[PDB]
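Q: Quick one, fold the following:
(4 chains)
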Amino acid sequence: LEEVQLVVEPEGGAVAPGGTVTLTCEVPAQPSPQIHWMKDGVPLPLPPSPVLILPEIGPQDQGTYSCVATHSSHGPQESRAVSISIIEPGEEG
Amino acid sequence: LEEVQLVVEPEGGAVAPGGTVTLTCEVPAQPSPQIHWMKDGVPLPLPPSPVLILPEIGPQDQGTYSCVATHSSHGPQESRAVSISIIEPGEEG
Amino acid sequence: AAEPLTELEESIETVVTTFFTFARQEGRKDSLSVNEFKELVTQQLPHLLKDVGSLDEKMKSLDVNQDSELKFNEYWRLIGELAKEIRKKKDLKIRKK
Amino acid sequence: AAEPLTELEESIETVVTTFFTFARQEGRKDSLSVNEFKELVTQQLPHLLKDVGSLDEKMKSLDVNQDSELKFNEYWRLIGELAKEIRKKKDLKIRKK
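A: Residues are numbered from 1 along each chain as shown, chains lettered A, B, ... in the order given. The coordinates are given below.
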């Protein structure tokens, strides 16, 4: 069962300079609770939101995205750290 | 002037295997207070003594000796760490 | 409940009471979350830690199993450094004036 | 030298006070000795530790390099056990009553 469903719009993971990556972290089992944002390599100071929209991603906006959602049965668990990085000019999808 | 005068019997610093090194820490400014025996590199739990006699120094007894004399003004005052080590058969001086 | 402990238990108890204070703040009153972690580092630990910016490296060094829950043993790794800095933060000459 | 610290610093300081107390009790008031360790376990930790007789193994775990001195970092090895046992001794079901 997926305790933390991290769905990124660009499933390719890697995008081009200035790309827009939408981070959606919800639960297909339990209702969407307080989802805290965690990103290795300096996390982004943003409020706990289920859908994080990061448009025009710069070279300093890279990092592995993880969603720390406070579960009722369990607790505030992390997820798979998706390495959102910038590659050569092109599209991945 | 020095807060802690670290005077060693063998002025050289290094001795031969099984040599005797006497650590004498005096204070040419204030009466001899609580001298803490500290050795950079495996410190020994030796009782506060002004003259530490270390005879027949072995390979594990080597180390940079320092005497933390607790003065009235200068409490945890460390001294110059003398590299008391073992060398090839000979004498320094 | 936490009944009056011994001289050697009350010392660590103080850590437990303070810990539980933040543990019951968010969900899962047992471990601290990433929120509390950052809130502590950049507020309750600016005099303790010499770095209040970077926390992702230190945090992942605790719960290397990716738990995001600073519980027993996991959080101990930081507790040890904290209890170490209180003695060797930079007092190699003078820190606790 | 030991002025009132912050919320998270006073918790660890509470342990330091006790540590310093037994440290300055004998020679080498920088850390604790084997004698103090023995007395601490059997006299102050009979409620904390389930074993007050086989302190040799616990002591040796901190001795490691034959230090025979409960100094910083090495003493933390036991502190991490103490702060853990006070909570997970046998409270997996019930203990801190």
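Q: For chain A, which residue gets nearest to chain C?
A: Closest contact between chain A and chain C, by Cβ to the nearest Cβ, is at residue A:75 (3.0 Å). The C-beta positions use only the backbone N, C-alpha and C, and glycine is treated the same way.
Q: Pick out the residue closest to the middle of chain C.
A: The structure's chain C has its C-alpha centroid closest to residue C:79; by Cα atoms, centre = their mean the separation is 4.9 Å.
Q: So that one sits against residue D:84, correct?
A: No: if you go by Cβ atoms under 8 Å, residue C:79 and residue D:84 don't touch, sitting 9.5 Å apart.
Q: picking that back up, which residues does the residue of chain A closest to chain C contact?
A: Contact partners of residue A:75, counting by Cβ atoms under 8 Å, 6 or more residues apart in numbering or on different chains, are C:27-28, C:30-31, C:33, C:69.
Q: Kindly list the main-chain dihedrals of the residue of chain A positioned farthest from its centre?
A: If you look at how far each residue of chain A sits from its centre, by Cα atoms, centre = their mean, the farthest one is residue A:73, at 22.6 Å. Dihedral angles of residue A:73 (phi, psi; degrees, to the nearest 10) stand at phi -70, psi -40.
Q: again with residue C:29
A: On the backbone of residue C:29 - angles per degrees, to the nearest 10 - the values are phi -70, psi 70.
Q: Return the set of residues that bridge with it.
A: residue C:31 (DSSP bridges).
Q: Count the residues that sit near it.
A: 11 (other Cβ atoms under 10 Å in any protein chain shown).
Q: Also residue A:60?
A: Number of residues near residue A:60 (other Cβ under 10 Å) recorded here: 9.
Q: And it, how far from chain D?
A: 30 Å (Cβ to the nearest Cβ, to the nearest Å).
Q: Confirm that residue C:84 sits in a strand.
A: No: Residue C:84: not assigned to a strand; according to DSSP: H, G, I helix; E, B strand; the rest coil it is helix.
Q: what's in contact with stretch C:27-43?
A: So stretch C:27-43 is contacted by A:33-34, A:36, A:38, A:43, A:68, A:70-72, A:74-76, C:19-20, C:22-23, C:25-26, C:49, C:52-53, C:55, C:59, C:67-71, C:74-75, D:8 (Cβ under 8 Å, 6+ apart).
Q: That stretch spans what distance, first to last residue?
A: Taking Cα to Cα, to the nearest Å as the measure, stretch C:27-43 stretches 21 Å from start to finish.
Q: Now that stretch: buried residues?
A: By 16 or more other Cβ atoms under 10 Å in any protein chain shown, the buried positions in stretch C:27-43 come out as C:27-28, C:31-41.
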